């Protein structure tokens, strides 16, 4: 029933005799599935996300240098060394400086000089491996039974999926069950893609591009920084000193490069859940196990009333809320005719076999009237409810496709 609350909607029609239908679920869109003698089924794609992706790399874009040591030796007296060269948390550079009289060397020429600095990564970008199989996606399912809007959330069955999760059953008490075989289709190939994270912001990036970044990177589980020299600046050496400086924060450059990349929404509650954008889900739905409640109910013959007058949904359909004070349990007779005399239903009833199980029940009914002038008729006799309607013929937000038969 919740498709009514959703702007972008599509109607799947099942052919009498078929048991399966095919539906394409896009994000922020809803699909109403209708089959003869079957209750209509609203299905919608809530979220498509990846949960707990293994961290492949970390890429430091802001480094901090501390404790700079520099050693040197006069020409032809041997190479100069530091203990830090053996220390893995140190970025070092070996080079030579001009030496001679004036800096305490008896020989004029290139003398050895080495600089080491303690490397600490202030800020790094995380890179996650996205597993095709660990990809999760959630689908909301609901029926058109006559529930008030205020109750929709409690009637919605939530179907959780992952890649190769198997078919998921949606069981509705009194109306049977529907079965969903879904296959998730992502916009991005994950064989050549990382999930990049900087601060709160996330993106989908290319693996080769990320590996080719001239920046210090750390392996999974960490404990070692490779290519520190990318964020360390060694100025041309003086006789016995070298100015070593940490490079500017490369946050800006990184963001700039990331402007040309798709973005990912990190889940608010969970720090490990990453919601994907634009993906769609191809679903195959079995309806043969769905049934209708109140098929045995006698038709409502008592005076009913409109709690909510027939109102346009924006989908080209009409919703009304009908109160049944007496006669329950009973079937609510609903048709959409050409006039007040004819009794041929020209409208399409979304709420198949509307019933009122108890007295003073308020049943929400949706129906698709034909174009132009028609009359909505609820119940029969002189106490019946009538409401003149007109359908503009203008374009509506709802999409209709060809009815389908699948064995």
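Residue numbers count along the first chain shown, from 1.
Here 64 to 72 and 351 to 359 are compared by their mean Cα B-factor, and 351 to 359 comes out higher.
The PDB entry reports B-factors from which the mean C-alpha value can be compared for 218 to 226 and 254 to 262; the larger average falls on 218 to 226. Reading the B-factor column for the CA atoms of 235, 129, 312, 98 in the entry, the top value corresponds to 129. Highest CA B-factor among 366, 338, 37, 382, as stated in the entry: 382.
Annotation for residue 270: CA B-factor lies in the highest third of the chain's modelled residues. Ranked by Cα temperature factor within the chain, residue 317 sits in the lowest third according to the deposited record. Residue 103: CA B factor lies in the lowest third for its chain, per the PDB record.
When the modelled residues of the chain are ordered by C-alpha B-factor, residue 28 sits in the middle third. The PDB entry assigns residue 47 a C-alpha temperature factor belonging to the highest third of its chain's modelled residues.
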